[PDB]
Amino acid sequence: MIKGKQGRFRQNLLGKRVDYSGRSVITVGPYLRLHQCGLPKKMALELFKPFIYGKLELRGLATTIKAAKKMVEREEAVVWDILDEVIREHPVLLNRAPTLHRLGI
DNA sequence: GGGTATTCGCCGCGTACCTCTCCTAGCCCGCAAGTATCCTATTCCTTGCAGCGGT
């Protein structure tokens, strides 16, 4: 339980799984500037959920976390503008599977 | 002893993800269910002993 790829050291101790993540297929979309990338609506609304809760409670549209979770769950039209508000200047990291050199992530 | 050759055994061999299936073997003892058998009655006949009129 220590040796080999299945051991702790190379499996659960040097590289872990991680929350706040997602995976998808990629297409081209050549209308983008060099410093931005597209992101599906659904992945965006699922990754950033805690920030959406924070903004909703700050704005007083849900006076608890359960009501806010409901509002996100059925996505009343308000949450989309909030989501755009959160994204304004929040970078994300894109990574590919066999990431050889420093430029892979 | 000692420098050398030959053999034996251990160590190692890419990353990330998706789909599916399967995961101990054998004995044993209580136990439910189903059954064949054994005791239980009825009808006929021929005895063995106790009451009982009769004198």
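Just so it is clear, none of the values below were taken in a lab; they were calculated from the coordinates. In this analysis, Cβ positions are derived from the backbone assuming ideal geometry, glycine residues included, and neighbour counts consider all displayed protein chains.
What is chain A's relative contact order, in percent, from Cα pairs under 8 angstrom and six or more apart in sequence? Walk me through the intermediate numbers first.
On the way: 40 pairs, mean separation 15.1, N = 105.
Answer for chain A is 14 percent.
Sorting check: for A:69-77, A:95-103, A:32-40, which peptide has the highest mean count of neighbouring beta carbons within 10 Å, and how do the rest follow? Don't skip to the answer; put the middle values down first.
Working: A:69-77: 12.1, A:95-103: 7.1, A:32-40: 8.9.
My ranking of the peptides, most packed first, is A:69-77, A:32-40, A:95-103.
Counting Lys and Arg as +1 and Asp and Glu as -1, each charge on the Cβ, what is the dipole of chain A about the Cα centre in debye, to the nearest 20?
Values: 20 positive and 10 negative charges, 170 e Å.
My answer is approximately 820 debye.
Sorted from fewest to most neighbouring beta carbons within 10 Å, what does the list A:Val78, A:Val28 look like? Walk me through the numbers before you get to the answer.
Working: A:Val78 12, A:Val28 7.
In order of increasing Cβ crowding within 10 Å: A:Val28, A:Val78.
Which distance in nm do the two modelled labels at A:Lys5 and A:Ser21 give, with both placed 7 Å along the Cα-to-Cβ direction?
For the pair A:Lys5/A:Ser21, the computed spacing is 1.6 nm.
Would you please classify the overall shape of segment A:1-89 from the alpha carbon gyration tensor, given that a ≥ b ≥ c denote the square roots of the eigenvalues, rounded means a/c under 1.5, and beyond that prolate means a/b larger than b/c while oblate covers the rest?
Oblate, since a/c reaches 1.5 and b/c is not below a/b.
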